[PDB]
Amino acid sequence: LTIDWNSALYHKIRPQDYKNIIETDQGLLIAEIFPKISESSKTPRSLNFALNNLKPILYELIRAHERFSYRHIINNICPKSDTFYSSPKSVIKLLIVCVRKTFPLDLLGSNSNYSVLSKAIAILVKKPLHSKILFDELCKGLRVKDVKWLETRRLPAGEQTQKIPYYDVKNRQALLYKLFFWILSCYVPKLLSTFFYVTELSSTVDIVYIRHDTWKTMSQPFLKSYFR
């Protein structure tokens, strides 16, 4: 399984449409993340509880996304500079910061798992245009035990030290990786496309990030000449 990023980088692109970074229709959002699972009428009930545990988290994520100024944070992390391109390191910090300030903590579970996200975000941007990426390489340190909305057991006071069955832990691994896949192949590339026009210098520097306004100023004289 791969993330063909160039197509993921120019699909449903809405430049500076900072509201359409995340699907604000919450029913559409969960079908986005869990395509078949979230409308199957034959889902195992352990999973149906997992999705139910997810309903408040996705709701909060949508609320945070709508009270956030993405124009603000990019002017801090990646302001207009002498260099006309934004350094990947600045693009890194910007993305990670955006996640840290809007994502509920129970979405990926722990900071440990959000580090695995941070590392995944670092690998991604550094890779050039038209580059397939092995997804399972990125799920490096994902602990399915740190994420509570996948814990559907409700045990009596005594026997709390119960070991999780293999079928159970394998199912939660699938769900978490399906959500992680949506973060990296849907959410992250849509954040990038909204802030930056992305391109390549065609040479050794095969990954370039130029702010959309800076890009529009730089192309204006070219578009202004068209008379052929």
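Numbering starts at 1 and runs along the sequence shown.
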property: Between 197 to 205 and 64 to 72 (mean CA B-factor, as deposited), the higher; result: 197 to 205
property: Given 128 to 136 and 111 to 119, the range whose Cα B-factors average higher in the PDB entry; result: 128 to 136
property: Identity of residue with top Cα B-factor, from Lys178, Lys55, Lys36, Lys190; result: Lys36
property: Entry-reported Cα temperature factor of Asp168, expressed as the chain third it lands in; result: middle
property: Chain third (lowest, middle, highest) by recorded CA B-factor, residue given as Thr83; result: highest
property: Record-listed C-alpha B factor of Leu142: chain third; result: middle
property: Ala157, C-alpha B-factor rank within chain (lowest, middle or highest third); result: highest
property: Third assignment of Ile210 from its chain's C-alpha B-factors; result: middle
